[PDB]
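Just one chain follows, in the form deposited in one PDB entry, and it is written as structure tokens.
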């Protein structure tokens, strides 16, 4: 369940996920939508387009040029006529929303798993 408490998992279930560091090359508004943002991200040797519902929480000024953590091995989908592959990590406390960045300026493409 999306709102349920998550039972204990082994390291395998974590290793199934491909967490990576990606540099936001650009973040533009999605036409016909006030909540979506189309973000191009560099993973070092490959680029990725991700549609994220964070337009009300993040302006593109506070995103472009930053290194953020993403899930790279999500199956591709069609969001508002845009081919989006993967998704961004985002933490909420019920009040604010925040993207997820590395503590030190690690290079783009750095893996977490």
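We call the rigid core the largest set of C-alpha positions that still match within 1.5 Å between the two forms. Positions refer to the first chain, counted from 1.
Form deposited in another entry: not shown, discussed below.
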- Query: Can a Cα shift of no less than 2 Å be assigned to residue 28 between this form and the one not shown, given superposition on the rigid core?
  - Reply: yes
- Query: For residue 83, is the C-alpha shift between this form and the one not shown 2 Å or more after core superposition?
  - Reply: yes
- Query: Given that the distance between the C-alpha atoms of residue 83 and residue 96 changes by 3 Å or more in the other entry, do they end up closer or farther than here?
  - Reply: closer
- Item | Distance direction in the other entry for the C-alpha atoms of residue 79 and residue 65, relative to the displayed form (3 angstroms or more) | farther
